[PDB]
Each structure stands twice: as C-alpha cells, then as structure tokens.
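Chemist: What follows is coords-v5.cif, mmCIF, N, CA and C atoms.
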```cif
data_data
#
loop_
_atom_site.label_atom_id
_atom_site.label_comp_id
_atom_site.auth_asym_id
_atom_site.auth_seq_id
_atom_site.Cartn_x
_atom_site.Cartn_y
_atom_site.Cartn_z
N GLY T 1940 -60.50 30.18 -92.01
CA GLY T 1940 -61.75 30.06 -91.26
C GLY T 1940 -62.01 31.33 -90.45
N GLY T 1941 -61.11 32.31 -90.58
CA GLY T 1941 -61.25 33.66 -90.04
C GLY T 1941 -61.00 33.72 -88.54
N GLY T 1942 -60.78 32.56 -87.92
CA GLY T 1942 -60.21 32.48 -86.57
C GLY T 1942 -61.18 32.98 -85.50
N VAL T 1943 -60.70 33.06 -84.27
CA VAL T 1943 -61.48 33.58 -83.15
C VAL T 1943 -61.48 35.11 -83.19
N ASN T 1944 -62.01 35.72 -82.13
CA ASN T 1944 -62.04 37.18 -82.04
C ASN T 1944 -60.63 37.76 -82.01
N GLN T 1945 -59.80 37.27 -81.10
CA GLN T 1945 -58.43 37.77 -81.00
C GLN T 1945 -57.55 37.14 -82.08
N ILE T 1956 -36.50 10.89 -79.53
CA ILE T 1956 -35.41 11.31 -78.66
C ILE T 1956 -34.09 10.80 -79.20
N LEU T 1957 -33.95 9.47 -79.27
CA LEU T 1957 -32.73 8.87 -79.77
C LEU T 1957 -32.52 9.12 -81.25
N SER T 1958 -33.60 9.34 -82.01
CA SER T 1958 -33.51 9.62 -83.43
C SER T 1958 -33.61 11.11 -83.74
N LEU T 1959 -33.74 11.96 -82.73
CA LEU T 1959 -33.83 13.40 -82.93
C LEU T 1959 -32.48 14.10 -82.76
N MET T 1960 -31.77 13.82 -81.67
CA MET T 1960 -30.46 14.43 -81.47
C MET T 1960 -29.40 13.80 -82.36
N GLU T 1961 -29.55 12.51 -82.71
CA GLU T 1961 -28.63 11.88 -83.64
C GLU T 1961 -28.74 12.50 -85.03
N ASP T 1962 -29.92 13.00 -85.39
CA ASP T 1962 -30.10 13.69 -86.66
C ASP T 1962 -29.75 15.17 -86.57
N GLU T 1963 -29.96 15.79 -85.41
CA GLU T 1963 -29.57 17.18 -85.25
C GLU T 1963 -28.05 17.33 -85.24
N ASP T 1964 -27.33 16.37 -84.66
CA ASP T 1964 -25.88 16.40 -84.73
C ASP T 1964 -25.40 16.17 -86.16
N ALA T 1965 -26.10 15.33 -86.92
CA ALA T 1965 -25.74 15.15 -88.32
C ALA T 1965 -25.98 16.42 -89.13
N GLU T 1966 -27.06 17.14 -88.83
CA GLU T 1966 -27.30 18.41 -89.51
C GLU T 1966 -26.24 19.45 -89.12
N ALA T 1967 -25.86 19.48 -87.85
CA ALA T 1967 -24.84 20.42 -87.39
C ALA T 1967 -23.44 20.03 -87.82
N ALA T 1968 -23.24 18.80 -88.28
CA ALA T 1968 -21.98 18.38 -88.88
C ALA T 1968 -21.95 18.62 -90.38
N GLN T 1969 -23.08 18.43 -91.06
CA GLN T 1969 -23.16 18.81 -92.46
C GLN T 1969 -23.09 20.32 -92.64
N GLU T 1970 -23.57 21.09 -91.66
CA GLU T 1970 -23.38 22.54 -91.70
C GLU T 1970 -21.90 22.90 -91.61
N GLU T 1971 -21.16 22.22 -90.73
CA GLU T 1971 -19.73 22.48 -90.62
C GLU T 1971 -18.98 22.04 -91.87
N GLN T 1972 -19.41 20.92 -92.47
CA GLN T 1972 -18.80 20.50 -93.73
C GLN T 1972 -19.06 21.51 -94.83
N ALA T 1973 -20.27 22.05 -94.90
CA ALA T 1973 -20.57 23.09 -95.88
C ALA T 1973 -19.75 24.35 -95.63
N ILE T 1974 -19.57 24.71 -94.36
CA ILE T 1974 -18.77 25.89 -94.03
C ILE T 1974 -17.32 25.68 -94.45
N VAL T 1975 -16.77 24.49 -94.19
CA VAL T 1975 -15.39 24.21 -94.59
C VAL T 1975 -15.27 24.19 -96.11
N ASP T 1976 -16.28 23.65 -96.80
CA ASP T 1976 -16.26 23.63 -98.26
C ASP T 1976 -16.29 25.04 -98.83
N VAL T 1977 -17.10 25.92 -98.23
CA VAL T 1977 -17.16 27.30 -98.70
C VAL T 1977 -15.86 28.03 -98.40
N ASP T 1978 -15.25 27.77 -97.24
CA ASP T 1978 -13.99 28.42 -96.90
C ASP T 1978 -12.83 27.92 -97.75
N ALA T 1979 -12.90 26.69 -98.25
CA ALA T 1979 -11.83 26.16 -99.07
C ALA T 1979 -11.93 26.57 -100.54
N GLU T 1980 -13.05 27.16 -100.95
CA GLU T 1980 -13.20 27.59 -102.34
C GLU T 1980 -12.86 29.06 -102.54
N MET T 1981 -13.30 29.93 -101.63
CA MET T 1981 -12.95 31.35 -101.73
C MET T 1981 -11.45 31.56 -101.57
N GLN T 1982 -10.83 30.83 -100.65
CA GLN T 1982 -9.39 30.92 -100.43
C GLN T 1982 -8.62 30.42 -101.66
N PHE B 1601 -69.17 20.31 -71.23
CA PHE B 1601 -68.61 19.20 -70.46
C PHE B 1601 -69.63 18.81 -69.40
N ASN B 1602 -69.53 17.56 -68.94
CA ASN B 1602 -70.43 17.07 -67.90
C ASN B 1602 -69.67 16.01 -67.10
N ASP B 1603 -69.13 16.42 -65.96
CA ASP B 1603 -68.35 15.55 -65.10
C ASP B 1603 -69.16 14.97 -63.95
N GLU B 1604 -70.48 14.90 -64.08
CA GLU B 1604 -71.32 14.39 -63.01
C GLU B 1604 -72.65 13.95 -63.60
N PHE B 1605 -73.42 13.25 -62.79
CA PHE B 1605 -74.68 12.67 -63.22
C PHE B 1605 -75.83 13.62 -62.92
N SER B 1606 -77.03 13.23 -63.38
CA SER B 1606 -78.28 13.89 -63.02
C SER B 1606 -78.23 15.39 -63.31
N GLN B 1607 -77.55 15.78 -64.38
CA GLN B 1607 -77.39 17.19 -64.69
C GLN B 1607 -78.41 17.59 -65.74
N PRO B 1608 -79.28 18.56 -65.47
CA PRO B 1608 -80.30 18.93 -66.46
C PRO B 1608 -79.74 19.64 -67.67
N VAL B 1609 -78.54 20.22 -67.57
CA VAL B 1609 -77.82 20.72 -68.73
C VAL B 1609 -76.34 20.77 -68.38
N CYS B 1610 -75.51 20.43 -69.36
CA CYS B 1610 -74.07 20.42 -69.12
C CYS B 1610 -73.48 21.81 -69.33
N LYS B 1611 -72.48 22.14 -68.52
CA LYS B 1611 -71.88 23.46 -68.52
C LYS B 1611 -71.04 23.67 -69.77
N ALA B 1612 -71.09 24.89 -70.32
CA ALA B 1612 -70.18 25.27 -71.39
C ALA B 1612 -68.78 25.48 -70.84
N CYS B 1613 -67.78 24.96 -71.56
CA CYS B 1613 -66.40 25.04 -71.10
C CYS B 1613 -65.95 26.48 -70.94
N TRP B 1614 -65.17 26.73 -69.89
CA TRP B 1614 -64.54 28.03 -69.70
C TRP B 1614 -63.56 28.30 -70.83
N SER B 1615 -63.48 29.57 -71.24
CA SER B 1615 -62.87 30.00 -72.49
C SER B 1615 -61.59 29.27 -72.85
N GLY B 1616 -60.62 29.24 -71.94
CA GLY B 1616 -59.34 28.60 -72.22
C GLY B 1616 -59.45 27.22 -72.84
N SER B 1617 -59.98 26.27 -72.09
CA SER B 1617 -60.22 24.93 -72.63
C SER B 1617 -61.41 24.95 -73.58
N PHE B 1618 -61.29 24.20 -74.68
CA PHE B 1618 -62.40 24.07 -75.61
C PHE B 1618 -62.75 22.60 -75.79
N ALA B 1619 -63.79 22.35 -76.59
CA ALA B 1619 -64.26 21.00 -76.84
C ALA B 1619 -64.78 20.92 -78.26
N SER B 1620 -64.53 19.79 -78.91
CA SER B 1620 -64.89 19.61 -80.31
C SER B 1620 -65.93 18.52 -80.52
N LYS B 1621 -65.71 17.33 -79.98
CA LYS B 1621 -66.60 16.21 -80.23
C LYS B 1621 -67.90 16.37 -79.43
N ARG B 1622 -68.78 15.38 -79.57
CA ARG B 1622 -70.07 15.38 -78.90
C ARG B 1622 -69.99 14.56 -77.61
N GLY B 1623 -70.76 14.99 -76.61
CA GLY B 1623 -70.81 14.30 -75.34
C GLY B 1623 -69.45 14.05 -74.71
N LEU B 1624 -68.77 15.11 -74.30
CA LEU B 1624 -67.43 15.01 -73.75
C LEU B 1624 -67.48 15.22 -72.24
N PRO B 1625 -67.07 14.24 -71.43
CA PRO B 1625 -67.17 14.40 -69.98
C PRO B 1625 -66.25 15.46 -69.41
N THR B 1626 -65.22 15.86 -70.15
CA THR B 1626 -64.28 16.87 -69.68
C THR B 1626 -63.84 17.74 -70.85
N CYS B 1627 -63.54 19.00 -70.56
CA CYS B 1627 -63.06 19.89 -71.60
C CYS B 1627 -61.68 19.45 -72.08
N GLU B 1628 -61.39 19.77 -73.34
CA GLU B 1628 -60.11 19.40 -73.93
C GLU B 1628 -59.16 20.58 -73.79
N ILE B 1629 -57.93 20.28 -73.37
CA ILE B 1629 -56.97 21.32 -73.04
C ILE B 1629 -56.48 22.00 -74.31
N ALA B 1630 -56.49 23.32 -74.32
CA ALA B 1630 -56.00 24.08 -75.47
C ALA B 1630 -54.48 23.96 -75.52
N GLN B 1631 -53.99 23.10 -76.41
CA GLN B 1631 -52.57 22.81 -76.47
C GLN B 1631 -51.77 24.07 -76.81
N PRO B 1632 -50.51 24.14 -76.38
CA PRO B 1632 -49.70 25.33 -76.70
C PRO B 1632 -49.53 25.48 -78.20
N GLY B 1633 -49.68 26.71 -78.68
CA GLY B 1633 -49.71 26.99 -80.09
C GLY B 1633 -51.05 27.46 -80.61
N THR B 1634 -52.00 27.77 -79.73
CA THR B 1634 -53.31 28.25 -80.13
C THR B 1634 -53.91 29.05 -78.98
N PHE B 1635 -55.17 29.42 -79.14
CA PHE B 1635 -55.91 30.18 -78.14
C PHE B 1635 -57.39 29.90 -78.36
N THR B 1636 -58.22 30.39 -77.45
CA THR B 1636 -59.67 30.18 -77.54
C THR B 1636 -60.35 31.43 -77.00
N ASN B 1637 -60.73 32.33 -77.90
CA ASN B 1637 -61.48 33.51 -77.54
C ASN B 1637 -62.97 33.29 -77.77
N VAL B 1638 -63.77 33.64 -76.77
CA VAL B 1638 -65.22 33.55 -76.88
C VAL B 1638 -65.82 34.42 -75.79
N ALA B 1639 -66.97 35.03 -76.08
CA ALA B 1639 -67.62 35.91 -75.12
C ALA B 1639 -68.68 35.18 -74.32
N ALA B 1640 -69.67 34.61 -75.02
CA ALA B 1640 -70.81 33.97 -74.36
C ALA B 1640 -70.46 32.52 -74.05
N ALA B 1641 -69.72 32.34 -72.96
CA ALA B 1641 -69.26 31.03 -72.54
C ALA B 1641 -69.54 30.88 -71.04
N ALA B 1642 -70.76 31.22 -70.63
CA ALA B 1642 -71.11 31.25 -69.22
C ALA B 1642 -72.12 30.16 -68.92
N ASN B 1643 -71.77 29.28 -67.98
CA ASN B 1643 -72.68 28.25 -67.50
C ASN B 1643 -74.03 28.85 -67.13
N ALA B 1644 -75.09 28.12 -67.46
CA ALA B 1644 -76.46 28.59 -67.26
C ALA B 1644 -76.73 28.97 -65.81
N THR B 1645 -77.73 29.81 -65.59
CA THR B 1645 -78.04 30.36 -64.27
C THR B 1645 -79.38 29.80 -63.79
N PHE B 1646 -79.31 28.87 -62.84
CA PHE B 1646 -80.50 28.25 -62.27
C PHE B 1646 -81.22 29.28 -61.41
N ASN B 1647 -82.36 29.78 -61.89
CA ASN B 1647 -83.17 30.68 -61.09
C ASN B 1647 -83.81 29.91 -59.94
N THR B 1648 -83.85 30.55 -58.77
CA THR B 1648 -84.40 29.89 -57.59
C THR B 1648 -85.91 29.76 -57.64
N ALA B 1649 -86.57 30.53 -58.51
CA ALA B 1649 -88.03 30.51 -58.54
C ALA B 1649 -88.57 29.17 -59.03
N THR B 1650 -87.91 28.55 -60.02
CA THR B 1650 -88.42 27.31 -60.58
C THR B 1650 -87.34 26.24 -60.72
N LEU B 1651 -86.14 26.47 -60.18
CA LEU B 1651 -85.04 25.52 -60.25
C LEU B 1651 -84.81 25.01 -61.66
N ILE B 1652 -84.83 25.91 -62.64
CA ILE B 1652 -84.58 25.53 -64.03
C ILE B 1652 -83.42 26.34 -64.58
N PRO B 1653 -82.50 25.73 -65.31
CA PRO B 1653 -81.40 26.49 -65.92
C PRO B 1653 -81.89 27.29 -67.11
N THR B 1654 -81.05 28.23 -67.53
CA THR B 1654 -81.35 29.10 -68.66
C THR B 1654 -80.14 29.93 -69.06
N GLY B 1655 -80.13 30.40 -70.30
CA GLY B 1655 -79.08 31.29 -70.76
C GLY B 1655 -77.74 30.63 -71.00
N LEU B 1656 -77.72 29.34 -71.28
CA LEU B 1656 -76.47 28.67 -71.63
C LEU B 1656 -76.11 28.94 -73.08
N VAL B 1657 -74.85 29.30 -73.31
CA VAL B 1657 -74.32 29.46 -74.66
C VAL B 1657 -73.00 28.70 -74.75
N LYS B 1658 -72.82 27.97 -75.84
CA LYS B 1658 -71.67 27.10 -75.98
C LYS B 1658 -70.41 27.89 -76.26
N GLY B 1659 -69.27 27.29 -75.92
CA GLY B 1659 -67.97 27.92 -76.11
C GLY B 1659 -67.43 27.70 -77.50
N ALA B 1660 -66.11 27.76 -77.62
CA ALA B 1660 -65.45 27.63 -78.91
C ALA B 1660 -65.31 26.16 -79.27
N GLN B 1661 -65.93 25.75 -80.38
CA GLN B 1661 -65.87 24.35 -80.78
C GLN B 1661 -64.51 24.00 -81.38
N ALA B 1662 -63.89 24.94 -82.07
CA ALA B 1662 -62.67 24.70 -82.82
C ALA B 1662 -61.45 25.17 -82.05
N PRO B 1663 -60.28 24.61 -82.33
CA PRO B 1663 -59.05 25.10 -81.69
C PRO B 1663 -58.71 26.54 -82.04
N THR B 1664 -59.09 27.01 -83.24
CA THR B 1664 -58.89 28.38 -83.72
C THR B 1664 -57.44 28.83 -83.50
N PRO B 1665 -56.51 28.33 -84.30
CA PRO B 1665 -55.09 28.45 -83.98
C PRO B 1665 -54.59 29.88 -84.05
N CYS B 1666 -53.38 30.07 -83.53
CA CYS B 1666 -52.76 31.38 -83.38
C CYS B 1666 -52.25 31.86 -84.73
N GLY B 1667 -52.72 33.03 -85.16
CA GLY B 1667 -52.36 33.54 -86.47
C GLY B 1667 -50.87 33.81 -86.60
N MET B 1668 -50.47 34.12 -87.83
CA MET B 1668 -49.07 34.35 -88.15
C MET B 1668 -48.53 35.55 -87.38
N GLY B 1669 -47.26 35.46 -86.99
CA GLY B 1669 -46.66 36.51 -86.19
C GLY B 1669 -47.19 36.59 -84.78
N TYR B 1670 -47.74 35.49 -84.27
CA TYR B 1670 -48.39 35.50 -82.96
C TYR B 1670 -48.32 34.09 -82.42
N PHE B 1671 -47.74 33.93 -81.23
CA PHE B 1671 -47.46 32.62 -80.67
C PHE B 1671 -48.17 32.47 -79.33
N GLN B 1672 -48.08 31.27 -78.76
CA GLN B 1672 -48.63 31.01 -77.43
C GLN B 1672 -47.86 29.84 -76.83
N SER B 1673 -46.92 30.15 -75.94
CA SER B 1673 -46.12 29.10 -75.32
C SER B 1673 -46.92 28.33 -74.28
N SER B 1674 -47.82 29.00 -73.58
CA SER B 1674 -48.55 28.41 -72.46
C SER B 1674 -49.90 27.89 -72.94
N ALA B 1675 -50.28 26.72 -72.45
CA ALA B 1675 -51.56 26.12 -72.79
C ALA B 1675 -52.66 26.71 -71.92
N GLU B 1676 -53.91 26.37 -72.24
CA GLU B 1676 -55.09 26.87 -71.54
C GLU B 1676 -55.06 28.40 -71.44
N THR B 1677 -55.08 29.02 -72.62
CA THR B 1677 -54.98 30.47 -72.73
C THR B 1677 -56.04 30.99 -73.69
N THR B 1678 -56.61 32.14 -73.35
CA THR B 1678 -57.68 32.73 -74.14
C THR B 1678 -57.15 33.59 -75.28
N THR B 1679 -56.04 34.29 -75.06
CA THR B 1679 -55.50 35.22 -76.04
C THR B 1679 -54.15 34.75 -76.55
N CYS B 1680 -53.73 35.33 -77.66
CA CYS B 1680 -52.49 34.98 -78.34
C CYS B 1680 -51.47 36.10 -78.17
N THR B 1681 -50.24 35.73 -77.84
CA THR B 1681 -49.18 36.68 -77.56
C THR B 1681 -48.31 36.92 -78.78
N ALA B 1682 -47.90 38.17 -78.97
CA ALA B 1682 -47.04 38.52 -80.09
C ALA B 1682 -45.63 38.00 -79.88
N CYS B 1683 -45.03 37.50 -80.95
CA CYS B 1683 -43.64 37.04 -80.90
C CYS B 1683 -42.71 38.21 -80.61
N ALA B 1684 -41.68 37.95 -79.80
CA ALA B 1684 -40.79 39.00 -79.35
C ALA B 1684 -39.92 39.51 -80.50
N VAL B 1685 -39.24 40.63 -80.23
CA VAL B 1685 -38.33 41.20 -81.21
C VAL B 1685 -37.14 40.28 -81.42
N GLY B 1686 -36.72 40.14 -82.68
CA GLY B 1686 -35.58 39.33 -83.05
C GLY B 1686 -35.95 37.94 -83.52
N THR B 1687 -37.14 37.47 -83.17
CA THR B 1687 -37.61 36.14 -83.54
C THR B 1687 -38.87 36.25 -84.38
N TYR B 1688 -39.10 35.24 -85.22
CA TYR B 1688 -40.17 35.25 -86.19
C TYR B 1688 -41.12 34.09 -85.96
N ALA B 1689 -42.35 34.24 -86.46
CA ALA B 1689 -43.34 33.17 -86.50
C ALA B 1689 -43.71 32.95 -87.96
N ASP B 1690 -43.31 31.81 -88.52
CA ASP B 1690 -43.45 31.60 -89.96
C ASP B 1690 -44.85 31.17 -90.35
N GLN B 1691 -45.47 30.28 -89.57
CA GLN B 1691 -46.78 29.74 -89.89
C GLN B 1691 -47.71 29.86 -88.70
N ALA B 1692 -49.00 29.92 -88.98
CA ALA B 1692 -50.00 30.03 -87.93
C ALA B 1692 -50.07 28.73 -87.14
N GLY B 1693 -50.20 28.86 -85.82
CA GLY B 1693 -50.26 27.72 -84.94
C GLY B 1693 -48.95 27.35 -84.28
N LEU B 1694 -47.91 28.18 -84.41
CA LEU B 1694 -46.60 27.85 -83.88
C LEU B 1694 -46.63 27.87 -82.36
N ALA B 1695 -46.14 26.79 -81.75
CA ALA B 1695 -46.10 26.69 -80.29
C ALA B 1695 -45.28 27.82 -79.69
N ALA B 1696 -44.09 28.05 -80.23
CA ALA B 1696 -43.21 29.10 -79.75
C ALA B 1696 -42.58 29.80 -80.95
N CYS B 1697 -41.86 30.88 -80.68
CA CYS B 1697 -41.22 31.65 -81.73
C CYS B 1697 -39.92 31.00 -82.15
#
```
The structure given in the file should be rewritten as structure tokens.

Modeler:
Amino acid sequence: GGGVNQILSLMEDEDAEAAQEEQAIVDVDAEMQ
Amino acid sequence: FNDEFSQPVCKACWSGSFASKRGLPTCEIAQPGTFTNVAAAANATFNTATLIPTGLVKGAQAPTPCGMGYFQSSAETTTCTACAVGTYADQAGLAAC
C-alpha cells in the first residue's frame, strides 16, 4: 500500500522448546563423537 | 474525533494517534509496531470574523505499519526507528527487534 511518508501455556511451551533444543544438541554431540 | 457535543466540526486526530472507522469519539492509539506520518493533520481554525471553522484536513486513516528493517517499541509515535546493530527485523510491523 506504499505506506506513510516515513501465560501458563507460553512459558510451559518455551521451556519445552528450550529442552528440545538441548536434546538436539546432545544428539548432535553424540553423533560426531 | 469528537469528545464533546455541539461541535460544528470534529477535530482531526494528532499525527501519532490515528482513526479508521466512522464517527469515533476518541482517537485510536497507534499500537507499538507501527507509526503514523501525516502533514495536514491540523484542527480547523475558527476565524473570529464569522465564528466558522475552516481548513480541516483529516489525518492518517490506516495504521500504515513499520516497514522492514524498521521497528517502533513505543506507541503513539509519528516516525519509525531503525533496528539497532546486531538485531534484525524480519517482517514489516514488528513491535521490537
């Protein structure tokens, strides 16, 4: 359009994402080794 | 906007806040993640000779979101701020970087 002139289910899922990230990191570290 | 009665013409919203719908008693707050630039957004000037308003021009009807690589953390803002070094803005309209 060319512009002008110039809670309980959120952290419980973010911790799950940050735990799946750690699981992926451990999985990657266990394969290269 | 028109926050009072007996008004011969309603004032155009000041640049920061904008309005979209019809007949709005108050301006709508420009939520963080956008901006509202407009020049001719000046409430009409009642001349003392005939007590009649004139020269009213409407403000920005649309939210007109903040383009890519440009954010706005603070609401009720006319201009859009560039995202800082080290952080990215992936899509237009991002509240923060």

Chemist: Can you translate the PyMOL selection byres ((chain T) within 7 of (chain B)) into the concrete residues it hits in this file, as a list in words?

Modeler: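 This file, filtered by the PyMOL selection byres ((chain T) within 7 of (chain B)), leaves residues 1942, 1943, 1944 and 1945 of chain T.
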
Chemist: Quote the spacing between atom CA of residue B:1601 and atom CA of residue B:1674 in Å to one decimal place.

Modeler: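 Separation of atom CA of residue B:1601 and atom CA of residue B:1674: 22.2 Å.
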
Chemist: Could you tell me, as a list in words, exactly which residues end up selected when the PyMOL selection byres (((chain B and resi 1673 and name CA) around 6) and name CA) is applied to this structure?

Modeler: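 On this input, the PyMOL selection byres (((chain B and resi 1673 and name CA) around 6) and name CA) captures residues 1632, 1672, 1674, 1695 and 1696 of chain B.
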
Chemist: Can you measure atom N of residue B:1616 to atom C of residue B:1628 for me? One decimal in Å is fine.

Modeler: 9.0 Å

Chemist: So what do you get for atom CA of residue T:1968 versus atom N of residue B:1697, distance-wise?

Modeler: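 These atoms are spaced 24.9 Å apart.
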
Chemist: Would you please give, as an NGL selection string, all residues of chain T that DSSP assigns to helix (DSSP H, G or I) based on the backbone?

Modeler: :T and (1960-1981)

Chemist: If DSSP is run on the backbone, what residues of chain B are strand (DSSP E or B)? A reply as a PDB file with N, CA and C atoms, in the coordinates of the input would be ideal.

Modeler:
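Writing the result to states-v7.pdb gives the following:
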```pdb
ATOM      1  N   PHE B1618     -61.290  24.200 -74.680  1.00  0.00           N
ATOM      2  CA  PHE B1618     -62.400  24.070 -75.610  1.00  0.00           C
ATOM      3  C   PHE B1618     -62.750  22.600 -75.790  1.00  0.00           C
ATOM      4  N   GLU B1628     -61.390  19.770 -73.340  1.00  0.00           N
ATOM      5  CA  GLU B1628     -60.110  19.400 -73.930  1.00  0.00           C
ATOM      6  C   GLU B1628     -59.160  20.580 -73.790  1.00  0.00           C
ATOM      7  N   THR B1634     -52.000  27.770 -79.730  1.00  0.00           N
ATOM      8  CA  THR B1634     -53.310  28.250 -80.130  1.00  0.00           C
ATOM      9  C   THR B1634     -53.910  29.050 -78.980  1.00  0.00           C
ATOM     10  N   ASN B1647     -82.360  29.780 -61.890  1.00  0.00           N
ATOM     11  CA  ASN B1647     -83.170  30.680 -61.090  1.00  0.00           C
ATOM     12  C   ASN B1647     -83.810  29.910 -59.940  1.00  0.00           C
ATOM     13  N   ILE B1652     -84.830  25.910 -62.640  1.00  0.00           N
ATOM     14  CA  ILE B1652     -84.580  25.530 -64.030  1.00  0.00           C
ATOM     15  C   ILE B1652     -83.420  26.340 -64.580  1.00  0.00           C
ATOM     16  N   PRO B1665     -56.510  28.330 -84.300  1.00  0.00           N
ATOM     17  CA  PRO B1665     -55.090  28.450 -83.980  1.00  0.00           C
ATOM     18  C   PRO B1665     -54.590  29.880 -84.050  1.00  0.00           C
ATOM     19  N   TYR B1670     -47.740  35.490 -84.270  1.00  0.00           N
ATOM     20  CA  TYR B1670     -48.390  35.500 -82.960  1.00  0.00           C
ATOM     21  C   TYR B1670     -48.320  34.090 -82.420  1.00  0.00           C
ATOM     22  N   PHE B1671     -47.740  33.930 -81.230  1.00  0.00           N
ATOM     23  CA  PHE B1671     -47.460  32.620 -80.670  1.00  0.00           C
ATOM     24  C   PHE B1671     -48.170  32.470 -79.330  1.00  0.00           C
ATOM     25  N   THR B1681     -50.240  35.730 -77.840  1.00  0.00           N
ATOM     26  CA  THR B1681     -49.180  36.680 -77.560  1.00  0.00           C
ATOM     27  C   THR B1681     -48.310  36.920 -78.780  1.00  0.00           C
ATOM     28  N   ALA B1682     -47.900  38.170 -78.970  1.00  0.00           N
ATOM     29  CA  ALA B1682     -47.040  38.520 -80.090  1.00  0.00           C
ATOM     30  C   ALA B1682     -45.630  38.000 -79.880  1.00  0.00           C
TER      31      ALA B1682
END
```

Chemist: If we count only C-alpha atoms and set the cut-off at 9 Å, which residues sit around residue B:1658, ignoring sequence neighbours fewer than 6 positions away in its own chain? Please answer as a list in words.

Modeler: residues 1611, 1612, 1613, 1640, 1641, 1642 and 1643 of chain B

Chemist: Put a box with edges along x, y and z around all the listed atoms of stretch 1971-1982 of chain T, pad it by 8 Å on each side, then give me its centre and sizes in Å, one decimal, as JSON.

Modeler:
```
{"center_x": -14.9, "center_y": 26.0, "center_z": -96.6, "size_x": 28.5, "size_y": 27.1, "size_z": 27.9}
```

Chemist: Kindly write stretch 1630-1645 of chain B with N, CA, C and O atoms to a file, as a PDB file, in the first residue's frame.

Modeler:
```pdb
ATOM      1  N   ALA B1630      -1.990   4.369  18.349  1.00  0.00           N
ATOM      2  CA  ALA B1630      -1.101   3.685  17.415  1.00  0.00           C
ATOM      3  C   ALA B1630      -0.293   2.650  18.183  1.00  0.00           C
ATOM      4  O   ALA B1630       0.682   2.983  18.859  1.00  0.00           O
ATOM      5  N   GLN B1631      -0.697   1.386  18.075  1.00  0.00           N
ATOM      6  CA  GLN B1631      -0.081   0.320  18.849  1.00  0.00           C
ATOM      7  C   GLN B1631       1.400   0.187  18.498  1.00  0.00           C
ATOM      8  O   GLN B1631       1.814   0.527  17.386  1.00  0.00           O
ATOM      9  N   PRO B1632       2.225  -0.291  19.430  1.00  0.00           N
ATOM     10  CA  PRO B1632       3.652  -0.458  19.128  1.00  0.00           C
ATOM     11  C   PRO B1632       3.850  -1.449  17.993  1.00  0.00           C
ATOM     12  O   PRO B1632       3.212  -2.502  17.948  1.00  0.00           O
ATOM     13  N   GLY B1633       4.741  -1.098  17.072  1.00  0.00           N
ATOM     14  CA  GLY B1633       4.924  -1.843  15.848  1.00  0.00           C
ATOM     15  C   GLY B1633       4.492  -1.119  14.596  1.00  0.00           C
ATOM     16  O   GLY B1633       4.442  -1.741  13.529  1.00  0.00           O
ATOM     17  N   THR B1634       4.181   0.170  14.685  1.00  0.00           N
ATOM     18  CA  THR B1634       3.773   0.954  13.529  1.00  0.00           C
ATOM     19  C   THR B1634       4.070   2.420  13.810  1.00  0.00           C
ATOM     20  O   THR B1634       4.697   2.770  14.813  1.00  0.00           O
ATOM     21  N   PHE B1635       3.606   3.276  12.910  1.00  0.00           N
ATOM     22  CA  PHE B1635       3.787   4.714  13.018  1.00  0.00           C
ATOM     23  C   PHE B1635       2.674   5.372  12.217  1.00  0.00           C
ATOM     24  O   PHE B1635       1.911   4.700  11.521  1.00  0.00           O
ATOM     25  N   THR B1636       2.584   6.698  12.315  1.00  0.00           N
ATOM     26  CA  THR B1636       1.544   7.443  11.601  1.00  0.00           C
ATOM     27  C   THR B1636       2.142   8.790  11.192  1.00  0.00           C
ATOM     28  O   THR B1636       2.167   9.737  11.981  1.00  0.00           O
ATOM     29  N   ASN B1637       2.616   8.860   9.955  1.00  0.00           N
ATOM     30  CA  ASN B1637       3.118  10.104   9.397  1.00  0.00           C
ATOM     31  C   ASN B1637       2.042  10.780   8.563  1.00  0.00           C
ATOM     32  O   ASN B1637       1.398  10.145   7.724  1.00  0.00           O
ATOM     33  N   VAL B1638       1.857  12.078   8.796  1.00  0.00           N
ATOM     34  CA  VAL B1638       0.914  12.877   8.025  1.00  0.00           C
ATOM     35  C   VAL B1638       1.270  14.340   8.230  1.00  0.00           C
ATOM     36  O   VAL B1638       1.737  14.738   9.298  1.00  0.00           O
ATOM     37  N   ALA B1639       1.065  15.147   7.191  1.00  0.00           N
ATOM     38  CA  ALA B1639       1.393  16.563   7.266  1.00  0.00           C
ATOM     39  C   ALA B1639       0.177  17.397   7.638  1.00  0.00           C
ATOM     40  O   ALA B1639       0.186  18.108   8.646  1.00  0.00           O
ATOM     41  N   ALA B1640      -0.879  17.312   6.830  1.00  0.00           N
ATOM     42  CA  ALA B1640      -2.063  18.152   7.010  1.00  0.00           C
ATOM     43  C   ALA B1640      -3.007  17.464   7.991  1.00  0.00           C
ATOM     44  O   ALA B1640      -3.991  16.821   7.622  1.00  0.00           O
ATOM     45  N   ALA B1641      -2.692  17.613   9.270  1.00  0.00           N
ATOM     46  CA  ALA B1641      -3.460  16.999  10.340  1.00  0.00           C
ATOM     47  C   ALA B1641      -3.726  18.048  11.415  1.00  0.00           C
ATOM     48  O   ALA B1641      -3.533  17.829  12.609  1.00  0.00           O
ATOM     49  N   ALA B1642      -4.182  19.225  10.995  1.00  0.00           N
ATOM     50  CA  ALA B1642      -4.346  20.352  11.900  1.00  0.00           C
ATOM     51  C   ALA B1642      -5.822  20.672  12.049  1.00  0.00           C
ATOM     52  O   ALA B1642      -6.514  20.911  11.054  1.00  0.00           O
ATOM     53  N   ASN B1643      -6.297  20.655  13.294  1.00  0.00           N
ATOM     54  CA  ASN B1643      -7.659  21.052  13.616  1.00  0.00           C
ATOM     55  C   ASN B1643      -7.987  22.402  12.992  1.00  0.00           C
ATOM     56  O   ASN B1643      -7.147  23.302  12.951  1.00  0.00           O
ATOM     57  N   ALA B1644      -9.216  22.526  12.492  1.00  0.00           N
ATOM     58  CA  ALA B1644      -9.648  23.719  11.773  1.00  0.00           C
ATOM     59  C   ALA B1644      -9.490  24.979  12.613  1.00  0.00           C
ATOM     60  O   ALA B1644      -9.452  24.913  13.844  1.00  0.00           O
ATOM     61  N   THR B1645      -9.413  26.130  11.956  1.00  0.00           N
ATOM     62  CA  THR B1645      -9.140  27.409  12.607  1.00  0.00           C
ATOM     63  C   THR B1645     -10.388  28.289  12.529  1.00  0.00           C
ATOM     64  O   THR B1645     -10.733  28.822  11.474  1.00  0.00           O
TER      65      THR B1645
END
```
